[PDB]
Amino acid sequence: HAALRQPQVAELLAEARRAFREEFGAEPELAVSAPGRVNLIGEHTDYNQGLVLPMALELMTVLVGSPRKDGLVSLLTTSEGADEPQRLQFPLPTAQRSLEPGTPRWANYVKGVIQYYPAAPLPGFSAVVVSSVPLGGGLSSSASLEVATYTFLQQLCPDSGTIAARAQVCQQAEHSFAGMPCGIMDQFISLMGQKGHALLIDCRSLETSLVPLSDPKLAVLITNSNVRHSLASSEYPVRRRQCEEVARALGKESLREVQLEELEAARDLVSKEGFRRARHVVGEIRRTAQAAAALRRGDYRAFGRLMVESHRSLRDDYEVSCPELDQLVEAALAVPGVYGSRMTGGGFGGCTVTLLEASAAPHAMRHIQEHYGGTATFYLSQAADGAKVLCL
């Protein structure tokens, strides 16, 4: 129970290209990659036009492939947790006949991005898909597969848009083809990550700022609870609706426009539950601004305190934690050298994120595992690059 090895892109490339040479009988022409993500702080704020502070991970999805001349798409994935079958072929969608979600589920992410890809003419293509992002494990495996697909389609047929327009295609694939009405964060960080930086994203204006996060004395420890309660899927849209009810009641376009003071004075305009949801949201936006300021001046102790307040708010007000994540966090915070820890992503399972002195990392891992009633998985990750292309 040491940290799980993260394969370099080169091992992933070598594996994908071999599988491709075997599967299709020729060398692939193209390779792309897009990372998974951990959100340092700013949870359940993106769809509230809030602030988020994710970083791209050294875990990533790689596509290798070649355009076809017959208008068909032919896919193979090797990812272990992928659902059967591992292969799927389908014709390109047309104005007459669209793609539709189905089986196997892993291909719905690719189909969705193809369906909403904005530029024409898109040729068909053959592609192999491999990934080190744990599938469905809370680090945005699906966003990385969407953005990798998008980054591949740009090579088949360049688009002429902005990065946020690409994120929104990928978000639409997730909404329509995976049935998960996500905000913009995961797609945007997968696109926009830079090595050694976190990305402050303003989800109202779509301004982004690269915040340096690279200090050998510091580490980021990701802990996978390896649990995912069914609520991760069904209660996420419930939270979106509750935030929208509160913004409507207060006559605000979004909770970005609402402050705690304003909220407390309109306490009689919303449900008790709604008040709790919106108090989290307004507070988390302020905490994300404060955390970004702290990171910049190298104030990790303060950054870690804000992380802990974010977890408590998520646990108690937004109510999207779970006993597994809580036990993970309470264990991390008992380790000397740990600045702060909190659940990351949507909640009801998945991962926690911990900011700690680098030297403290193996102690945190032994202790967190021992106080965890389940089986934990660990990643030590630096801030990674976002989507990349390599001609083969």
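Numbers follow the displayed sequence, beginning with 1.
Averaged over their C-alpha atoms, the temperature factors of 60 to 68 and 356 to 364 are higher for 356 to 364. In this entry, the higher average B-factor at the C-alpha atoms falls on 330 to 338, of the pair 330 to 338 and 43 to 51. For the set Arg204, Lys272, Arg166, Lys111, the PDB entry puts the maximum C-alpha B factor at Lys272. Going by the entry's values, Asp268 shows the largest Cα B-factor out of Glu235, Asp317, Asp268, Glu174. In this PDB entry, the Cα temperature factor of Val227 sits in the top third of its chain's modelled residues, the highest group. Residue-level temperature factors show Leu30 in the highest third of its chain, judged at the C-alpha atom. Ranked against the other modelled residues of its chain, the C-alpha B-factor of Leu99 as given in the entry falls in the middle third. The deposited CA B-factor of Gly196 belongs to the lowest third of values across its chain. When the modelled residues of the chain are ordered by their C-alpha B factor, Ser74 lands in the middle third.
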